[PDB]
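Inspection log for the structure reproduced underneath, given as structure tokens.
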Amino acid sequence: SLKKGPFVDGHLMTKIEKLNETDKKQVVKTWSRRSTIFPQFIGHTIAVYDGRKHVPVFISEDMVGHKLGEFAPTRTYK
Amino acid sequence: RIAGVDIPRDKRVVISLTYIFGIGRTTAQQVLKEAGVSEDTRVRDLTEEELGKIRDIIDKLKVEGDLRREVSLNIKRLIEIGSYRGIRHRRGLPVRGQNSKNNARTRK
Amino acid sequence: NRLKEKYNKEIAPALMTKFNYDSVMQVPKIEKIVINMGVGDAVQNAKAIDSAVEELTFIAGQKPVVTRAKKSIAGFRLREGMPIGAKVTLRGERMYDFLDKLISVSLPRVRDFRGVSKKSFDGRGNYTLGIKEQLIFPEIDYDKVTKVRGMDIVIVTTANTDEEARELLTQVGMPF
Amino acid sequence: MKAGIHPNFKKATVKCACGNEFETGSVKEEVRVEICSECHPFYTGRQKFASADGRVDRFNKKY
RNA sequence: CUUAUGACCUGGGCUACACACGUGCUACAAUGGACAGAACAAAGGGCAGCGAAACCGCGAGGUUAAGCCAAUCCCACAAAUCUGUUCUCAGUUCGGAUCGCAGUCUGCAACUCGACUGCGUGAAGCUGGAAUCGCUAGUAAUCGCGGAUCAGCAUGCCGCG
């Protein structure tokens with residue numbers, strides 16, 4: 001939460017913009033649940049590590065400002 | 001009355017307009033100063049034009065009939081959007097990262 | 001009165017051109033507005049209806065009628081014979097007087113207002129409305145009200161289909 | 001009208017806060033109206049002139 | 001065991017939650033609350049540090065930056081207190097819990113999982129059963145203020161008046 005821009009790790013960026021540049025289709029892997037979502041990754045799918053398993057999730061239009069860690073619940077319950 | 005809601009009539013106007021949904025003490029006082037209607041009045045015996053020139057300013061700020069629904073729409077957006085924060089809101093667990101071992105009887 | 005003049009002058013001609021009626025007195029006409037109070041009595045306090053009666057005689061222009069329960073049902077502990085709910089019908093100049101108050105002051109004074117329901121119809125040109133607050137016209141002495149049960153509003157017209165009543169109530173002044 | 005059992009009915013004009021008129025009857029004699037059907041924004045056609053309204057989904061960290 | 005109970009790396013967990021126990025903090029109010037004014041301490045810390053004044057910003061803070069390796073300079077405007085105005089005994093101008101919105105700082109990074117600010121919303125709670133504890137005077141009870149740990153984080157601890 002700071003006005004010098006939201007914070008991501010660069011390598012996953014480079015692959016995902018070349019991905020949406022040439023061929024939008026298939027899924028992208030990550031171990032980093034830390035990157036802030038940018039509003040130009042609408043429609044894709046990301047396999048995010050929860051600490052134990054890679055989980056796919058779909059990014060919609062309203063998915064702005066969050067991080068990808070909001071959707072891989074690390075801990076379960078009843 | 002003022003914006004739908006009535007006002008306790010025998011008190012000071014600065015205390016009295018905080019009973020409406022959307023302004024607290026600090027926000028009420030500065031719009032009341034811009035209104036310029038004394039700010040140390042009993043609302044029981046003020047006059048009608050000083051009663052009415054605040055209607056236009058509370059129209060351009062926002063109150064219960066809009067804040068209630070926008071916070072509702074935003075919070076159900078957070079509900080069905082699939083967030084961890086949304087599912088915590090759904091399950092009644094605390095949201096601001098507080099520990100659920102010993103407390104949060106305010107919820108659940 | 002004003003509404004009667006406008007209905008005579010412009011409302012009925014506009015719709016009779018619009019539905020192309022051969023006889024001009026086939027025009028749909030609003031017949032009765034009835035206001036029905038219902039109290040969840042069930043022998044809890046006798047004074048609830050004994051307050052709503054003179055509240056409604058202030059809301060309307062005349063005294064209502066205490067409705068009679070038809071049959072007993074113990075699912076509310078409702079014994080047949082002890083009174084529940086009130087009713088009053090309005091017609092004449094009185095109905096236009098009440099609809100005047102409604103459109104002019106009442107619905108704009110509701111705590112929150114969106115448009116009236118699109119399809120509260122019967123299917124045969126009658127309409128029913130449900131309001132939650134007694135604050136209809138502001139010169140009810142609002143400090144004397146204790147209970148918060150609002151009112152039931154039933155307008156009955158000579159409309160045979162829903163569409164004619166739907167269209168006529170627009171130029172009556174119901175928002176949708 | 002059974003006389004006595006009905007309250008008195010008489011002419012009772014309307015003064016909205018905006019000053020609009022209406023030739024009205026009531027059991028009272030006079031009503032002050034804070035908001036009329038010509039200024040309450042839903043009956044202003046559709047938000048004609050009473051509005052502080054709008055909603056976007058804005059995603060802007062470019063400052 | 002060296003073809004892992006040894007290393008490396010990322011992410012998660014150590015912060016979960018139907019309940020219970022303990023230790024603390026804060027309240028339930030007019031010996032009060034809000035607003036204005038007037039004061040009065042000790043003891044420590046500061047160089048990959050303290051960072052003045054001034055300006056910007058409502059505020060967290062931001063900007064250029066003075067001085068100080070310190071009985072010089074900085075941290076650093078102590079609070080309780082007193083005087084006056086108001087509130088007029090209520091779930092309240094009490095109480096602020098939890099939430100939504102917008103931000104500040106730090107750090108590669110604040111989601112699990114930090115603290116702070118301006119907002120709006122405003123919880124329960126109107127002195128607490130059986131019980132049970134500390135305390136022989138600068139003590140108890142209250143009032144703030146430092147330090148360590150330290151990128152940022154203290155209601156805990158240590159010490160000060």
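Just so you know, all these numbers are worked out from the coordinates, no wet-lab data involved. Heads up, the Cβs are rebuilt from the backbone with ideal geometry, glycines too, and the neighbour counts pull from every protein chain shown.
Determine which member of the set D:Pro41, D:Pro7 is more than 8 Å from every other protein chain (Cβ to nearest Cβ) and surrounded by 14 or more Cβ atoms within 10 Å (Cβ to Cβ). I'd like the intermediate steps shown before the answer.
Numbers: D:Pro7 fails: more than 8 Å from every other protein chain (Cβ to nearest Cβ).
Of D:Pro41, D:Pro7, the one residue that is more than 8 Å from every other protein chain (Cβ to nearest Cβ) and surrounded by 14 or more Cβ atoms within 10 Å (Cβ to Cβ) is D:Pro41.
Looking at B:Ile7, B:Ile54, B:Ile58, which one is assigned to a loop (DSSP other than H, G, I, E, B), more than 11 Å from RNA strand E (Cβ to nearest atom) and either of a type outside the set (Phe, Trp, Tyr) or within 25 Å of C:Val110 (Cα to Cα) (or both)?
Numbers: B:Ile54 fails: assigned to a loop (DSSP other than H, G, I, E, B); B:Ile58 fails: assigned to a loop (DSSP other than H, G, I, E, B).
Exactly one of B:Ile7, B:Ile54, B:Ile58 is assigned to a loop (DSSP other than H, G, I, E, B), more than 11 Å from RNA strand E (Cβ to nearest atom) and either of a type outside the set (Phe, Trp, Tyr) or within 25 Å of C:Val110 (Cα to Cα) (or both), namely B:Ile7.
Which residues, taken from the range C:47-65, are among the charged types (D, E, K, R) and outside any loop (DSSP other than H, G, I, E, B)?
Within the range C:47-65, the first condition is being among the charged types (D, E, K, R), and the residues that meet it are C:47, C:50, C:54-55, C:63.
Within the range C:47-65, C:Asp50, C:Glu54, C:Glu55 qualify.
Inside the range A:1-40, can you point out the residues that are charged (D, E, K, R) and either surrounded by 14 or more Cβ atoms within 10 Å (Cβ to Cβ) or in contact with a helix residue (DSSP H, G or I) (Cβ under 8 Å, 6 or more places away or on another chain) (or both)?
A:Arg33, A:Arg34
Restricting to the range D:10-25, count the residues that are of a type in the set (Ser, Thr, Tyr) and more than 7 Å from chain C (Cβ to nearest Cβ).
Applying the first criterion (of a type in the set (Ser, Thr, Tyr)) to the range D:10-25 yields D:13, D:24.
Going one step further and asking which of them are more than 7 Å from chain C (Cβ to nearest Cβ), we end up with D:13.
Result for the range D:10-25: 1.
Among the residues of the range A:14-26, which ones are more than 16 Å from RNA strand E (Cβ to nearest atom) and free of Cβ contacts under 8 Å to residues at least 24 places away in the same chain? First the steps, then the outcome.
The first filter runs over the range A:14-26 and keeps only residues more than 16 Å from RNA strand E (Cβ to nearest atom), leaving A:16-26.
A:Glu17, A:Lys18, A:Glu21, A:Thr22, A:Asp23, A:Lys24, A:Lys25, A:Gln26, listed by residue number.
Looking at the range A:27-46, is at least one residue within 16 Å of RNA strand E (Cβ to nearest atom), aliphatic (A, V, I, L, M) and closer than 21 Å to B:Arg88 by Cβ? Can you show your working first?
Step one: of the range A:27-46, the residues within 16 Å of RNA strand E (Cβ to nearest atom) are A:28-39, A:46.
Restricting the remaining residues to those that are aliphatic (A, V, I, L, M) gives A:28, A:37, A:46.
Next cut, closer than 21 Å to B:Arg88 by Cβ only: A:37.
Yes: the range A:27-46 contains one or more residues that are within 16 Å of RNA strand E (Cβ to nearest atom), aliphatic (A, V, I, L, M) and closer than 21 Å to B:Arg88 by Cβ.
Given (1) part of a helix (DSSP H, G or I); (2) closer than 28 Å to D:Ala52 by Cβ; (3) of a type in the set (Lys, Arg); (4) more than 11 Å from RNA strand E (Cβ to nearest atom), identify the lone condition not met by B:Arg90.
(2)
Residue-by-condition table, conditions (1) over 20 Å from C:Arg2 (Cα atoms); (2) more than 14 Å from the chain's Cα centre (by Cα):
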| site | (1), (2) |
| --- | --- |
| D:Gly4 | yes, yes |
| D:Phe9 | no, yes |
| D:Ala12 | no, yes |
| D:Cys16 | no, no |
| D:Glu21 | no, no |
| D:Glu29 | no, yes |
| D:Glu38 | no, no |
| D:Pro41 | yes, no |
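Restricting the range A:47-72 to residues that are more than 8 Å from RNA strand E (Cβ to nearest atom) and in a loop (DSSP other than H, G, I, E, B), which is surrounded by the most Cβ atoms within 10 Å (Cβ to Cβ)?
Among residues in the range A:47-72 that are more than 8 Å from RNA strand E (Cβ to nearest atom) and in a loop (DSSP other than H, G, I, E, B), the one surrounded by the most Cβ atoms within 10 Å (Cβ to Cβ) is A:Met63.
What pairs come out if I take residues in the range B:86-108 that are over 19 Å from A:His66 (Cβ atoms) and charged (D, E, K, R) and pair them with residues that are part of a loop (DSSP other than H, G, I, E, B) and within 6 Å of RNA strand E (Cβ to nearest atom) whose C-beta lies under 8 Å away, six or more apart or interchain?
Close Cβ pairs satisfying both conditions: B:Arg107/B:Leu93; B:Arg107/B:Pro94; B:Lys108/B:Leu93.
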